[PDB]
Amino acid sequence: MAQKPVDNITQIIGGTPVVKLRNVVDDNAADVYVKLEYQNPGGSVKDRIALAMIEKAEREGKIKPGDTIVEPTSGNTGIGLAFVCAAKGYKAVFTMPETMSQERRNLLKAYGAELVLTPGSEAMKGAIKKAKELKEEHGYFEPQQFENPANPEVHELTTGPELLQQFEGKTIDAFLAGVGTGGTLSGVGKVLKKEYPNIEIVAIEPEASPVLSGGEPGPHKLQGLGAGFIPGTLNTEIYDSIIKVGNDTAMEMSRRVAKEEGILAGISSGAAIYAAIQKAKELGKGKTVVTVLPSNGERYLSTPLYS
């Protein structure tokens, strides 16, 4: 049993499976289920929002095949947008600090994307500044992943309802998600709160950059998380609590999950799984806990995660 043939690779974005953890969680804690968002064709959760923001601008008429989009991105949003642009016939320009790995550049350029390297010392600030300059000078479309309401909406329409159908007749007691743009938590949390009125929505952020908790931004290693600010795409009213995770605990959790469960995922997934187990221990046997693994660990073979 497989999906019928589709015309376009973007048509099989979504519908990601869920796996129960067997070994890294005790039988005396709640059941922990993980949704594998790296099962998307582009390899991460950003597949959904890359498709949504392009389909939106396409439907509105802001872009049509042949046009160029620009986005300042250092992570999975660049891969997703490069993937979707090549699939839908759009030109892609991404601005990033010149500190980005050659492997990452090769991945983006493989999709035909054009890269505009910005000063490494300016980090993401210089990339945002350069994308704005190209947008005003050339009229490129800027998706703006941190302000586009299509980002949390696509999780309200697909990721959320997916989990509703996947946990048909069962009670989800806690949903947790790492906050990057916040769209995953906002979109899914909105859908889950309507069906499960007593559900707890927990946000996950780096303990070294606890901005949602009221702390100061700082350097951290939880790739995909810790933007250092509160994004407009995050609904700060959706989560009932926050779990901060350290750099090494998330790392150690990803290694344990890969070895003991056969699930090879990124560092933010280790942060998500570590927080979900802490919440599972809190709820105890008989309860149900769900989180999201945004990316695959193969994307991070040159990070200290698997070196």
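For clarity, a rigid core is taken as the largest C-alpha set superposing within 1.5 Å between two forms. Start at 1 with the first residue shown and count on from there.
Where the structures in 4 other deposited structures of this protein are fitted on the rigid core, 56-64 is the one of 56-64 and 36-44 whose C-alphas sit farther from the shown form on average.
Rigid core superposition in 4 other deposited structures of this protein puts the Cα atoms of one stretch, out of 157-165 and 130-138, farther from the shown form on average, and that stretch is 130-138. Stretch comparison (42-50 versus 236-244) by mean CA B-factor in the PDB entry places 236-244 on top. For the two regions 189-197 and 155-163, the entry's Cα B-factors average higher over 189-197. Of the candidates 114, 71, 216, 147, the one whose C-alpha carries the top B factor in the deposited record is 216. Across 174, 227, 128, 82, the greatest Cα temperature factor reported in the deposited entry is at 174.
For residue 261, the recorded CA temperature factor ranks within the highest third of the chain's modelled residues.
Ranked against the other modelled residues of its chain, the C-alpha B-factor of residue 31 as given in the entry falls in the highest third. When the modelled residues of the chain are ordered by their C-alpha B factor, residue 252 lands in the middle third. When all modelled residues of the chain are sorted by CA temperature factor, residue 67 is found within the lowest third.
Among all modelled residues in this chain, the alpha-carbon of residue 272 has a temperature factor (C-alpha) in the lowest third.
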